[PDB]
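Asker: For reference, the structure I am asking about is given below.
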Amino acid sequence: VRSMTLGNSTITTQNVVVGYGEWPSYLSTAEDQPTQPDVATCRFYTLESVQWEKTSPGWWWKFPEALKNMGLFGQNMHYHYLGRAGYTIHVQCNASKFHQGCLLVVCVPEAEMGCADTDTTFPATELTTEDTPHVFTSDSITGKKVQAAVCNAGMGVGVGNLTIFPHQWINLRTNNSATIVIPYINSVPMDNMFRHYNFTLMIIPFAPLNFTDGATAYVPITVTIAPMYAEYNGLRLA
Amino acid sequence: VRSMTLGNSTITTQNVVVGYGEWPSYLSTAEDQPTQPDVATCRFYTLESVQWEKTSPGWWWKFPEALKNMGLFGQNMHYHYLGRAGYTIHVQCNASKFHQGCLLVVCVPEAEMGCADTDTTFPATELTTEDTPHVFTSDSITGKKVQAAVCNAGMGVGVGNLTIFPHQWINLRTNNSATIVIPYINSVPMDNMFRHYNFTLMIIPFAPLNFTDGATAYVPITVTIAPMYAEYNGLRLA
Amino acid sequence: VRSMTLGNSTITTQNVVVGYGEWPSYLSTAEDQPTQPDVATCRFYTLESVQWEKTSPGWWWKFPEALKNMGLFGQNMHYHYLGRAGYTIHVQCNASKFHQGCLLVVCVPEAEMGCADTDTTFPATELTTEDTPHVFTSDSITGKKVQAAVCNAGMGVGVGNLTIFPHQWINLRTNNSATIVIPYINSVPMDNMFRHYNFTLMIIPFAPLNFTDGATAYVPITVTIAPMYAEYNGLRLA
Amino acid sequence: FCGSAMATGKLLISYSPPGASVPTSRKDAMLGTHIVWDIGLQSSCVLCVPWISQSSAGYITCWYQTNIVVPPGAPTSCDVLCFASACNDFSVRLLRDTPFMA
Amino acid sequence: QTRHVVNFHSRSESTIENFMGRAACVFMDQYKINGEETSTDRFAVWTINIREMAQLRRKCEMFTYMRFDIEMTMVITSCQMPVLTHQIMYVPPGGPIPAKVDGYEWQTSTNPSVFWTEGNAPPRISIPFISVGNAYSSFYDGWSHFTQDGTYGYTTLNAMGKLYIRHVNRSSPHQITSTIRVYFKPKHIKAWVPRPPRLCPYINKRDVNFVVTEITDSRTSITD
């Protein structure tokens, strides 16, 4: 049991999957000069806990803008139009000893998702609802929204071989916590934080939750994101 | 947790009761020359799992010929008329945490058993059914078969003081696995493997199984035998 | 006179023609691992003696599967689907001093034989009858079987210049025994022992047997094969 | 094994060589290559199947050695996930077009 | 066929340059020589992108980011005269495009073009890594216009240019219909961030939309 603290946010934790074997880092020019906030920003932003029942198909969050209303990070998104960060993501499950199940906690950089009924697009509020997650579906759906059927998560790939990305299994038999570090994967050193979704944290239950008639009918999944090494553009003159 | 392997048979284990403080060994003459198979023979031969209910009185297997249909050992019994082995015997129980009970896992060399109705004998198929175990009985029985009543296991002795032999208690409160090594006890260095039963692995529940109306109505007992240091007679000329 | 012994098989012999100047050898990877039997397999497998009269045109055996019912070699053919061996082949003739004749004992790797009436194939039981040899014929034959006329042995070549292969002459005037060692000639390191016939031991009488009205009307030819350096695939996990 | 932390049982994972026939019974699978995988101790058993190539293959069957023993509180039916990758190193030669795309 | 001992140890064919760097025909198109002075059927266009045919698109979607020089060689035919000379004008991402076969854009000095006459070896034109960013992005989970406007999934970083092709001969007595086959080839290719293979069939050449497809082919029972 390790009680991590960052700034004015302390969580209680119980091995880290460093995404692509690199730890996030700063970009290191007088023509373009970055600003490193360091203060705040790096604290833990615990999202709303998500109840995982027997019939839950999955969830996804789209970062960096899932934190668009989360304190100083969410506020520096509005004053700087360029930025980058690292996002340590803790995912606890705090189930009991008699619950069973298994989760895939994967980050999937550049998850371009497909519309439900092709030949058209979706109204941009279907990919993300800031803090709250968009759930997947168990079967096919229609309408101007994301094709959120599992087995074809979002991108038209098989959902089983979604393990190529930075992932972590949460098998309630053995463990309960996951932690992933995603060192800002992008083709340009800095990019706008409202246009571009750098990665898509999606939690997908492979083995479904199961229990008997006495336990709690759900297992709350807690998501915590710590934006590390966030740096922005300069606002001062040169 | 130790994952033992022998040949092409791997089991998963969780202290060894070396029978009579000796480890089995080879016999070490040109007038009579033994053959040491070594290859195969020594692999783990897992018998059929045995369900242990609340009303189970016990079981017994008679070796070496309990393995008479078990691969190369069971086949070398038919080509060589003399042999000897060591037989490491693992006995798991893989019950739950809410089950309770206790077993006596004892080997009893030279278990000459008595007929049910004396003044006669039994038809030789009542001592052994190769792989499958003959159960004991809770009370007295009649007919031309083995007097299989517990409290007088097979030999007319008290079943409580059957602890003089190489034994191991399996108390489901504490442990689940037993392992016994029986270094070929016999009065002649080699003997035929179909006439003579060198020992009798009998598992006897002293404290009966108990559980509530939600658990599984049984506890499967898994028996695994590894014939060690098996050697046979010679078939070649001199 | 040398009394060779291998395992539990001793023959009595009276110069070796090492095929292509190489002695058989083992293949020397964890992705594919061979098993070397060594035990048995290497013993002498004496085939049925073949009576050679004045009108015998010849014989052929197709190996490795001529030994498909020959003990442990013949049994390892069924459990392993890949293998290789060396096959020391002794060929005695034990004729008298007044018999005369001459044999060509040749091995002919990759003897693809032709059908008797072309435009069709043969039913696969005409190439080989395991232990027993298919005889040649003195003239042309028809039907769905092998064109077994000598002067065109099996392959459409001249039978006189069949001496290019590993061969040995058995001239009853001088010698009686032949021995050939064939170091597994094949284009792949291991191959299935039922699909592919690695070589074809064919014994062809050039000078016919002759004798007077008092001698025995035949000369029994004894064939003995010792599979050397036989190795198979692995059956265990890695 | 994605079952409960209280469920306990044994599974027997047999491997048949690429030429051999499948085991029709549990005993015949025990006499070949197998691994009696105790679930209550470890929850993840790893194999490494060799001789995998093309240019009639093996079998990974699984058997009930014992049933799943479960306390009154935990559920009775469980699930087992499987995985697959290259064990140590993989060899591959002749590039072609994939059949899946039309 | 039969199962042979495939014994060798090599992964030189599995590298990225030996997997992606293969020339594939990505653009057939017709273009006349005479008639209809104001027509769009006297030249070819083909905006250069990896999402041309599904077989190569599938390979480009193994990886999220990749950068590579392209070296295309055209194979130009003709039907129905003099000896014909062609022009294959590559315009960069920032470049004017012709509207007609006789536009002034064809004479732009910043648009490199090859003048291949018929009968010789095929014309080969090589284009370096043009993109503004540091790699071409196969997938772009983002919006081109800020504040979640239209045009999802289209970034302007992975723009490669266009390829305008015409006859340079002003006219002809009869009709000549030329056919061009552009052979695209990645070169000096690097690739980052692997990605699971495509499962569903492709719908359209500018989006990732799909129909929900089964994972694998079905069998009867779990044990057969």
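As shown in the structure tokens, the chain order sets the letters A, B, ...; within each chain, residues go from 1, and ligands are also counted from 1 in the order they appear.
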Report as CSV: every residue of chain E with an atom at most 7 Å from chain D, its closest pair of atoms, and their distance in Å to one decimal, counting only C-alpha atoms, with rows sorted by chain and ascending residue number.
Answerer:
residue,atom,partner,partner_atom,distance
E:3,CA,D:54,CA,6.3
E:6,CA,D:53,CA,6.5
E:8,CA,D:91,CA,7.0
E:9,CA,D:91,CA,5.2
E:10,CA,D:91,CA,5.2
E:11,CA,D:91,CA,5.8
E:13,CA,D:93,CA,5.8
E:55,CA,D:101,CA,6.5
Asker: Could you do a least-squares fit of chain C on chain A over every C-alpha atom, in sequence order, and give the output as a PDB file with C-alpha atoms, in the first residue's frame?
Answerer:
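To be explicit, this is the file written out as result_34.pdb:
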ATOM      1  CA  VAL C   1      -0.002   0.000  -0.004  1.00  0.00           C
ATOM      2  CA  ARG C   2       1.571   3.243  -1.242  1.00  0.00           C
ATOM      3  CA  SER C   3      -0.109   6.606  -0.588  1.00  0.00           C
ATOM      4  CA  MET C   4       0.912   8.720  -3.573  1.00  0.00           C
ATOM      5  CA  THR C   5       0.491  12.486  -3.396  1.00  0.00           C
ATOM      6  CA  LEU C   6       0.742  15.186  -6.066  1.00  0.00           C
ATOM      7  CA  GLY C   7       0.046  18.786  -5.129  1.00  0.00           C
ATOM      8  CA  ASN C   8      -3.142  18.817  -3.050  1.00  0.00           C
ATOM      9  CA  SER C   9      -4.444  15.428  -4.195  1.00  0.00           C
ATOM     10  CA  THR C  10      -3.592  12.172  -2.418  1.00  0.00           C
ATOM     11  CA  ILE C  11      -4.775   8.738  -3.536  1.00  0.00           C
ATOM     12  CA  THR C  12      -4.164   5.305  -2.020  1.00  0.00           C
ATOM     13  CA  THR C  13      -2.665   2.703  -4.353  1.00  0.00           C
ATOM     14  CA  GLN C  14      -1.839  -1.012  -4.134  1.00  0.00           C
ATOM     15  CA  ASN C  15       3.132  -2.492 -11.616  1.00  0.00           C
ATOM     16  CA  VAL C  16       3.210   0.436 -14.044  1.00  0.00           C
ATOM     17  CA  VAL C  17       2.760  -0.192 -17.772  1.00  0.00           C
ATOM     18  CA  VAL C  18       4.945   2.532 -19.252  1.00  0.00           C
ATOM     19  CA  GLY C  19       3.446   3.186 -22.677  1.00  0.00           C
ATOM     20  CA  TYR C  20       5.905   2.307 -25.475  1.00  0.00           C
ATOM     21  CA  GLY C  21       8.778   2.065 -23.007  1.00  0.00           C
ATOM     22  CA  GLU C  22       9.183   5.836 -22.721  1.00  0.00           C
ATOM     23  CA  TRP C  23       8.467   8.153 -19.812  1.00  0.00           C
ATOM     24  CA  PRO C  24       6.930  11.529 -20.763  1.00  0.00           C
ATOM     25  CA  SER C  25       9.359  14.423 -20.998  1.00  0.00           C
ATOM     26  CA  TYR C  26       9.605  18.060 -21.979  1.00  0.00           C
ATOM     27  CA  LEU C  27      10.244  19.118 -25.563  1.00  0.00           C
ATOM     28  CA  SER C  28      13.907  20.032 -25.017  1.00  0.00           C
ATOM     29  CA  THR C  29      14.237  28.234 -29.622  1.00  0.00           C
ATOM     30  CA  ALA C  30      13.492  31.952 -29.238  1.00  0.00           C
ATOM     31  CA  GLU C  31      11.117  32.017 -32.224  1.00  0.00           C
ATOM     32  CA  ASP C  32       8.712  29.767 -30.305  1.00  0.00           C
ATOM     33  CA  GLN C  33       9.052  29.344 -26.548  1.00  0.00           C
ATOM     34  CA  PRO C  34       7.091  26.907 -24.365  1.00  0.00           C
ATOM     35  CA  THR C  35       5.703  27.619 -20.910  1.00  0.00           C
ATOM     36  CA  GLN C  36       5.966  24.861 -18.305  1.00  0.00           C
ATOM     37  CA  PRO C  37       3.184  25.220 -15.678  1.00  0.00           C
ATOM     38  CA  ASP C  38       4.416  22.493 -13.296  1.00  0.00           C
ATOM     39  CA  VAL C  39       2.416  24.155 -10.499  1.00  0.00           C
ATOM     40  CA  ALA C  40      -0.915  22.358 -10.180  1.00  0.00           C
ATOM     41  CA  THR C  41      -1.803  20.586 -13.441  1.00  0.00           C
ATOM     42  CA  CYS C  42       0.117  17.538 -12.172  1.00  0.00           C
ATOM     43  CA  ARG C  43      -2.355  16.789  -9.349  1.00  0.00           C
ATOM     44  CA  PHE C  44      -4.702  13.806  -9.502  1.00  0.00           C
ATOM     45  CA  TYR C  45      -8.043  14.398 -11.255  1.00  0.00           C
ATOM     46  CA  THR C  46     -10.368  11.609 -10.109  1.00  0.00           C
ATOM     47  CA  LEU C  47     -13.259  11.205 -12.544  1.00  0.00           C
ATOM     48  CA  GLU C  48     -16.734  10.030 -11.572  1.00  0.00           C
ATOM     49  CA  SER C  49     -16.834   6.402 -10.495  1.00  0.00           C
ATOM     50  CA  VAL C  50     -18.412   4.086 -13.048  1.00  0.00           C
ATOM     51  CA  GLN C  51     -20.696   1.248 -11.970  1.00  0.00           C
ATOM     52  CA  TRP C  52     -19.875  -2.039 -13.720  1.00  0.00           C
ATOM     53  CA  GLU C  53     -22.858  -4.411 -13.800  1.00  0.00           C
ATOM     54  CA  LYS C  54     -23.256  -7.827 -15.438  1.00  0.00           C
ATOM     55  CA  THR C  55     -24.529  -6.245 -18.679  1.00  0.00           C
ATOM     56  CA  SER C  56     -22.000  -3.418 -19.087  1.00  0.00           C
ATOM     57  CA  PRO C  57     -20.305  -3.616 -22.519  1.00  0.00           C
ATOM     58  CA  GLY C  58     -17.589  -1.032 -21.899  1.00  0.00           C
ATOM     59  CA  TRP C  59     -16.684   2.641 -21.791  1.00  0.00           C
ATOM     60  CA  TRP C  60     -14.369   5.121 -23.432  1.00  0.00           C
ATOM     61  CA  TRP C  61     -12.953   8.534 -22.563  1.00  0.00           C
ATOM     62  CA  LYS C  62     -11.291  10.828 -25.099  1.00  0.00           C
ATOM     63  CA  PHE C  63      -8.317  12.797 -23.738  1.00  0.00           C
ATOM     64  CA  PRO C  64      -6.794  15.435 -23.490  1.00  0.00           C
ATOM     65  CA  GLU C  65     -10.170  17.163 -23.547  1.00  0.00           C
ATOM     66  CA  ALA C  66     -11.834  14.756 -21.103  1.00  0.00           C
ATOM     67  CA  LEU C  67     -10.145  17.048 -18.549  1.00  0.00           C
ATOM     68  CA  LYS C  68     -11.525  20.211 -20.173  1.00  0.00           C
ATOM     69  CA  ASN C  69     -13.465  21.174 -17.018  1.00  0.00           C
ATOM     70  CA  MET C  70     -10.909  19.808 -14.523  1.00  0.00           C
ATOM     71  CA  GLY C  71      -9.435  22.775 -12.675  1.00  0.00           C
ATOM     72  CA  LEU C  72      -6.284  24.515 -13.872  1.00  0.00           C
ATOM     73  CA  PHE C  73      -5.551  22.003 -16.602  1.00  0.00           C
ATOM     74  CA  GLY C  74      -9.093  22.455 -17.982  1.00  0.00           C
ATOM     75  CA  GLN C  75      -8.549  26.219 -17.700  1.00  0.00           C
ATOM     76  CA  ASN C  76      -5.104  26.360 -19.375  1.00  0.00           C
ATOM     77  CA  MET C  77      -6.744  24.564 -22.271  1.00  0.00           C
ATOM     78  CA  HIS C  78      -8.655  27.807 -22.931  1.00  0.00           C
ATOM     79  CA  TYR C  79      -5.779  30.321 -22.686  1.00  0.00           C
ATOM     80  CA  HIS C  80      -3.106  28.349 -24.574  1.00  0.00           C
ATOM     81  CA  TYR C  81      -3.909  26.891 -27.997  1.00  0.00           C
ATOM     82  CA  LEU C  82      -0.958  24.459 -27.970  1.00  0.00           C
ATOM     83  CA  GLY C  83       0.065  21.879 -25.400  1.00  0.00           C
ATOM     84  CA  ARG C  84       1.175  18.364 -24.519  1.00  0.00           C
ATOM     85  CA  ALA C  85       1.130  16.123 -21.441  1.00  0.00           C
ATOM     86  CA  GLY C  86       1.715  12.584 -20.199  1.00  0.00           C
ATOM     87  CA  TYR C  87      -1.381  11.481 -18.262  1.00  0.00           C
ATOM     88  CA  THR C  88      -0.645   8.825 -15.644  1.00  0.00           C
ATOM     89  CA  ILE C  89      -3.925   6.894 -15.492  1.00  0.00           C
ATOM     90  CA  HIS C  90      -4.816   4.871 -12.400  1.00  0.00           C
ATOM     91  CA  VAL C  91      -7.819   2.544 -12.701  1.00  0.00           C
ATOM     92  CA  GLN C  92      -8.978   0.873  -9.494  1.00  0.00           C
ATOM     93  CA  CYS C  93     -11.969  -1.461  -9.242  1.00  0.00           C
ATOM     94  CA  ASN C  94     -12.328  -2.091  -5.448  1.00  0.00           C
ATOM     95  CA  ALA C  95     -14.572  -5.133  -5.921  1.00  0.00           C
ATOM     96  CA  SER C  96     -15.027  -7.787  -3.240  1.00  0.00           C
ATOM     97  CA  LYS C  97     -13.459 -11.260  -2.925  1.00  0.00           C
ATOM     98  CA  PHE C  98     -16.547 -13.064  -4.281  1.00  0.00           C
ATOM     99  CA  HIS C  99     -16.924 -10.935  -7.422  1.00  0.00           C
ATOM    100  CA  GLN C 100     -15.341 -12.208 -10.627  1.00  0.00           C
ATOM    101  CA  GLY C 101     -14.498 -10.566 -13.922  1.00  0.00           C
ATOM    102  CA  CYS C 102     -11.781  -9.126 -16.099  1.00  0.00           C
ATOM    103  CA  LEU C 103     -11.139  -5.753 -17.740  1.00  0.00           C
ATOM    104  CA  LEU C 104      -9.006  -4.525 -20.625  1.00  0.00           C
ATOM    105  CA  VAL C 105      -7.638  -1.082 -19.761  1.00  0.00           C
ATOM    106  CA  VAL C 106      -6.131   0.194 -23.015  1.00  0.00           C
ATOM    107  CA  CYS C 107      -5.301   3.699 -24.240  1.00  0.00           C
ATOM    108  CA  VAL C 108      -5.384   3.447 -28.067  1.00  0.00           C
ATOM    109  CA  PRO C 109      -3.658   6.562 -29.461  1.00  0.00           C
ATOM    110  CA  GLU C 110      -5.453   8.120 -32.433  1.00  0.00           C
ATOM    111  CA  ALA C 111      -8.735   6.234 -32.101  1.00  0.00           C
ATOM    112  CA  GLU C 112     -10.608   7.479 -35.159  1.00  0.00           C
ATOM    113  CA  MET C 113     -14.083   6.017 -34.662  1.00  0.00           C
ATOM    114  CA  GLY C 114     -16.707   5.281 -37.302  1.00  0.00           C
ATOM    115  CA  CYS C 115     -20.281   6.490 -37.643  1.00  0.00           C
ATOM    116  CA  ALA C 116     -23.152   4.121 -36.889  1.00  0.00           C
ATOM    117  CA  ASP C 117     -24.888   4.468 -40.268  1.00  0.00           C
ATOM    118  CA  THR C 118     -22.216   5.130 -42.862  1.00  0.00           C
ATOM    119  CA  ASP C 119     -22.539   7.733 -45.678  1.00  0.00           C
ATOM    120  CA  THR C 120     -22.729  10.479 -43.058  1.00  0.00           C
ATOM    121  CA  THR C 121     -20.995  11.961 -40.015  1.00  0.00           C
ATOM    122  CA  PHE C 122     -21.849  12.459 -36.326  1.00  0.00           C
ATOM    123  CA  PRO C 123     -22.519  15.790 -34.549  1.00  0.00           C
ATOM    124  CA  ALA C 124     -19.210  15.907 -32.623  1.00  0.00           C
ATOM    125  CA  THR C 125     -20.986  15.614 -29.257  1.00  0.00           C
ATOM    126  CA  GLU C 126     -21.172  11.825 -29.691  1.00  0.00           C
ATOM    127  CA  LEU C 127     -17.444  11.170 -29.347  1.00  0.00           C
ATOM    128  CA  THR C 128     -17.102  12.899 -25.989  1.00  0.00           C
ATOM    129  CA  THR C 129     -19.156  14.153 -23.063  1.00  0.00           C
ATOM    130  CA  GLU C 130     -16.166  15.680 -21.206  1.00  0.00           C
ATOM    131  CA  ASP C 131     -16.092  13.929 -17.836  1.00  0.00           C
ATOM    132  CA  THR C 132     -18.741  11.265 -18.371  1.00  0.00           C
ATOM    133  CA  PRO C 133     -17.922   8.196 -20.500  1.00  0.00           C
ATOM    134  CA  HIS C 134     -19.677   7.064 -23.635  1.00  0.00           C
ATOM    135  CA  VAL C 135     -20.574   3.408 -23.192  1.00  0.00           C
ATOM    136  CA  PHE C 136     -20.192   0.806 -25.889  1.00  0.00           C
ATOM    137  CA  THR C 137     -23.116  -1.342 -27.021  1.00  0.00           C
ATOM    138  CA  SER C 138     -23.570  -5.102 -27.162  1.00  0.00           C
ATOM    139  CA  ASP C 139     -24.954  -5.094 -30.721  1.00  0.00           C
ATOM    140  CA  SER C 140     -25.149  -2.842 -33.781  1.00  0.00           C
ATOM    141  CA  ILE C 141     -26.841   0.554 -33.584  1.00  0.00           C
ATOM    142  CA  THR C 142     -28.094   3.114 -36.089  1.00  0.00           C
ATOM    143  CA  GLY C 143     -28.355   6.890 -36.150  1.00  0.00           C
ATOM    144  CA  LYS C 144     -25.911   9.768 -36.437  1.00  0.00           C
ATOM    145  CA  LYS C 145     -23.565   8.638 -33.684  1.00  0.00           C
ATOM    146  CA  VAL C 146     -20.532   6.437 -33.102  1.00  0.00           C
ATOM    147  CA  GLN C 147     -20.748   2.759 -34.014  1.00  0.00           C
ATOM    148  CA  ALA C 148     -20.164   1.716 -30.393  1.00  0.00           C
ATOM    149  CA  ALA C 149     -20.605  -2.043 -30.790  1.00  0.00           C
ATOM    150  CA  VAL C 150     -17.967  -4.121 -29.057  1.00  0.00           C
ATOM    151  CA  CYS C 151     -16.123  -6.711 -31.200  1.00  0.00           C
ATOM    152  CA  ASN C 152     -15.526  -3.636 -33.431  1.00  0.00           C
ATOM    153  CA  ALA C 153     -14.768  -1.194 -30.593  1.00  0.00           C
ATOM    154  CA  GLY C 154     -14.652   2.030 -32.561  1.00  0.00           C
ATOM    155  CA  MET C 155     -12.167   1.648 -35.374  1.00  0.00           C
ATOM    156  CA  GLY C 156     -13.373  -1.443 -37.242  1.00  0.00           C
ATOM    157  CA  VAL C 157     -10.733  -3.716 -35.731  1.00  0.00           C
ATOM    158  CA  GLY C 158     -11.179  -6.859 -33.683  1.00  0.00           C
ATOM    159  CA  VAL C 159     -11.669  -6.016 -30.029  1.00  0.00           C
ATOM    160  CA  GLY C 160      -9.705  -9.067 -28.878  1.00  0.00           C
ATOM    161  CA  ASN C 161      -6.457  -7.993 -30.533  1.00  0.00           C
ATOM    162  CA  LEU C 162      -6.730  -4.495 -29.077  1.00  0.00           C
ATOM    163  CA  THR C 163      -3.821  -5.548 -26.818  1.00  0.00           C
ATOM    164  CA  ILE C 164      -1.164  -4.109 -29.169  1.00  0.00           C
ATOM    165  CA  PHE C 165      -1.538  -0.729 -27.427  1.00  0.00           C
ATOM    166  CA  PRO C 166      -0.404   0.218 -23.901  1.00  0.00           C
ATOM    167  CA  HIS C 167      -2.743  -2.012 -21.901  1.00  0.00           C
ATOM    168  CA  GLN C 168      -3.272  -3.634 -18.508  1.00  0.00           C
ATOM    169  CA  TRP C 169      -5.559  -6.479 -17.468  1.00  0.00           C
ATOM    170  CA  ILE C 170      -7.583  -6.097 -14.282  1.00  0.00           C
ATOM    171  CA  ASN C 171      -8.466  -9.647 -13.245  1.00  0.00           C
ATOM    172  CA  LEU C 172     -10.526  -9.387 -10.051  1.00  0.00           C
ATOM    173  CA  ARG C 173      -9.195 -12.822  -9.074  1.00  0.00           C
ATOM    174  CA  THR C 174      -5.656 -11.427  -8.701  1.00  0.00           C
ATOM    175  CA  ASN C 175      -5.462  -7.624  -8.911  1.00  0.00           C
ATOM    176  CA  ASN C 176      -7.697  -4.561  -8.870  1.00  0.00           C
ATOM    177  CA  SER C 177      -5.533  -1.601  -9.947  1.00  0.00           C
ATOM    178  CA  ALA C 178      -4.041  -0.551 -13.274  1.00  0.00           C
ATOM    179  CA  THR C 179      -1.663   2.272 -14.140  1.00  0.00           C
ATOM    180  CA  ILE C 180      -0.580   3.412 -17.606  1.00  0.00           C
ATOM    181  CA  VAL C 181       1.806   6.204 -18.619  1.00  0.00           C
ATOM    182  CA  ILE C 182       1.310   7.588 -22.131  1.00  0.00           C
ATOM    183  CA  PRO C 183       4.241   9.823 -23.213  1.00  0.00           C
ATOM    184  CA  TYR C 184       2.313  12.100 -25.621  1.00  0.00           C
ATOM    185  CA  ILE C 185       2.231  10.252 -28.953  1.00  0.00           C
ATOM    186  CA  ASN C 186       1.770  12.730 -31.813  1.00  0.00           C
ATOM    187  CA  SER C 187       3.320  13.660 -35.164  1.00  0.00           C
ATOM    188  CA  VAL C 188       3.786  17.348 -34.263  1.00  0.00           C
ATOM    189  CA  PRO C 189       5.557  18.484 -31.053  1.00  0.00           C
ATOM    190  CA  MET C 190       2.543  20.492 -29.876  1.00  0.00           C
ATOM    191  CA  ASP C 191      -1.099  20.497 -30.942  1.00  0.00           C
ATOM    192  CA  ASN C 192      -4.377  22.131 -30.014  1.00  0.00           C
ATOM    193  CA  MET C 193      -6.152  20.411 -27.125  1.00  0.00           C
ATOM    194  CA  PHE C 194      -9.718  20.907 -28.403  1.00  0.00           C
ATOM    195  CA  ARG C 195      -9.383  19.794 -32.028  1.00  0.00           C
ATOM    196  CA  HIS C 196      -7.268  16.676 -31.553  1.00  0.00           C
ATOM    197  CA  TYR C 197      -7.926  13.749 -29.209  1.00  0.00           C
ATOM    198  CA  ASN C 198      -4.470  12.336 -28.511  1.00  0.00           C
ATOM    199  CA  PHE C 199      -5.665   8.982 -27.147  1.00  0.00           C
ATOM    200  CA  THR C 200      -8.835   7.151 -26.101  1.00  0.00           C
ATOM    201  CA  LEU C 201      -8.877   5.418 -22.710  1.00  0.00           C
ATOM    202  CA  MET C 202     -11.381   2.598 -23.220  1.00  0.00           C
ATOM    203  CA  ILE C 203     -12.151  -0.009 -20.547  1.00  0.00           C
ATOM    204  CA  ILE C 204     -13.685  -3.167 -22.000  1.00  0.00           C
ATOM    205  CA  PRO C 205     -14.950  -6.114 -19.880  1.00  0.00           C
ATOM    206  CA  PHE C 206     -13.884  -9.336 -21.579  1.00  0.00           C
ATOM    207  CA  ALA C 207     -15.037 -11.729 -18.867  1.00  0.00           C
ATOM    208  CA  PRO C 208     -18.361 -10.353 -17.597  1.00  0.00           C
ATOM    209  CA  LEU C 209     -19.016  -9.512 -13.977  1.00  0.00           C
ATOM    210  CA  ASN C 210     -20.698 -12.278 -12.010  1.00  0.00           C
ATOM    211  CA  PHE C 211     -21.853 -12.713  -8.413  1.00  0.00           C
ATOM    212  CA  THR C 212     -24.644 -14.260  -6.355  1.00  0.00           C
ATOM    213  CA  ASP C 213     -27.874 -12.827  -4.948  1.00  0.00           C
ATOM    214  CA  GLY C 214     -26.234 -11.331  -1.841  1.00  0.00           C
ATOM    215  CA  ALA C 215     -23.436  -9.149  -3.183  1.00  0.00           C
ATOM    216  CA  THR C 216     -23.730  -5.613  -4.508  1.00  0.00           C
ATOM    217  CA  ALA C 217     -25.139  -5.587  -8.040  1.00  0.00           C
ATOM    218  CA  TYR C 218     -22.194  -3.561  -9.401  1.00  0.00           C
ATOM    219  CA  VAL C 219     -18.474  -2.855  -9.144  1.00  0.00           C
ATOM    220  CA  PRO C 220     -17.476   0.839  -9.252  1.00  0.00           C
ATOM    221  CA  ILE C 221     -14.480   1.543 -11.488  1.00  0.00           C
ATOM    222  CA  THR C 222     -12.475   4.604 -10.420  1.00  0.00           C
ATOM    223  CA  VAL C 223     -10.417   6.507 -13.002  1.00  0.00           C
ATOM    224  CA  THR C 224      -7.683   8.961 -11.994  1.00  0.00           C
ATOM    225  CA  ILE C 225      -5.554  10.997 -14.422  1.00  0.00           C
ATOM    226  CA  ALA C 226      -2.406  12.965 -13.557  1.00  0.00           C
ATOM    227  CA  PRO C 227      -1.237  15.212 -16.429  1.00  0.00           C
ATOM    228  CA  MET C 228       2.569  15.017 -16.221  1.00  0.00           C
ATOM    229  CA  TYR C 229       5.082  17.291 -17.949  1.00  0.00           C
ATOM    230  CA  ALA C 230       2.364  19.511 -19.374  1.00  0.00           C
ATOM    231  CA  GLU C 231       3.832  22.419 -21.314  1.00  0.00           C
ATOM    232  CA  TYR C 232       2.136  25.086 -23.396  1.00  0.00           C
ATOM    233  CA  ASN C 233       3.038  27.906 -25.739  1.00  0.00           C
ATOM    234  CA  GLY C 234       4.425  31.267 -24.662  1.00  0.00           C
ATOM    235  CA  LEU C 235       2.187  34.288 -24.150  1.00  0.00           C
ATOM    236  CA  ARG C 236       4.942  36.854 -23.479  1.00  0.00           C
ATOM    237  CA  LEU C 237       6.845  38.843 -26.076  1.00  0.00           C
ATOM    238  CA  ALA C 238      10.451  38.065 -26.992  1.00  0.00           C
TER     239      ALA C 238
END
Asker: When DSSP works through the backbone of this structure, what residues of stretch 65-136 of chain B end up as strand (DSSP E), shown as a PyMOL selection string?
Answerer: chain B and resi 83-84+88-92+102-106+134-135
Asker: At a cut-off of 8 Å, list the chain D residues touching chain B, using only C-alpha atoms, as a list in words.
Answerer: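 In the required form, that comes to residues 6, 7, 8, 9, 10, 27, 30, 31, 32, 33, 34, 35, 36, 37, 38, 40, 41, 42, 65, 66, 67, 69, 70, 71, 72 and 73 of chain D.
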Asker: Show me, as an NGL selection string, every residue of chain E with an atom at most 8 Å from chain C, counting only C-alpha atoms.
Answerer: :E and (4-5 or 7)
